[PDB]
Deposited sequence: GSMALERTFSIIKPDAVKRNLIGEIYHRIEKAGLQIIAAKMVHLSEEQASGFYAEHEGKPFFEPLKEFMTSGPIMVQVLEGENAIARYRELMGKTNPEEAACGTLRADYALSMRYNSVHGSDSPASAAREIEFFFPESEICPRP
């Protein structure tokens, strides 16, 4: 069971990537895929297409973000209880749509 995560530009700009990652790896999850992308207007619209909103697109494109896929025994529940400032999948099959939006299988690295 794998979940999805997004580090908003507030934490990336304030240099908080290590704290967010360290608070997870100590909780049991494992970063099995990650990359830093700077979303565009069309990119942020596609991931947030279930709204159609405008002020949210401007903030998510105001700087680079840290996208990552997390693995672990029961992650959707463990992740949501760990943590706005950070994104996280609410239910399964919602993580599958968000993971496939940013990650092909060739970019996912099982341990």
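Residues of the deposited sequence missing from the coordinate set occupy positions 1-5, 58-61, 93-115, 144.
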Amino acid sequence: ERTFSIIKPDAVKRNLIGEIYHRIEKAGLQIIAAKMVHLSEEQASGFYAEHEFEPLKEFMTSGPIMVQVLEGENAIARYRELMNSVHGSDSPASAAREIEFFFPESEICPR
From here on, numbers count along this sequence of modelled residues.
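Once the C-alpha B-factors are averaged per stretch, 33-41 and 74-82 rank with 74-82 first. When the C-alpha B-factors of 7-15 and 84-92 are averaged, 84-92 comes out higher. When the Cα B-factors of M60, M66, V69, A49 are read from the PDB record, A49 comes out highest.
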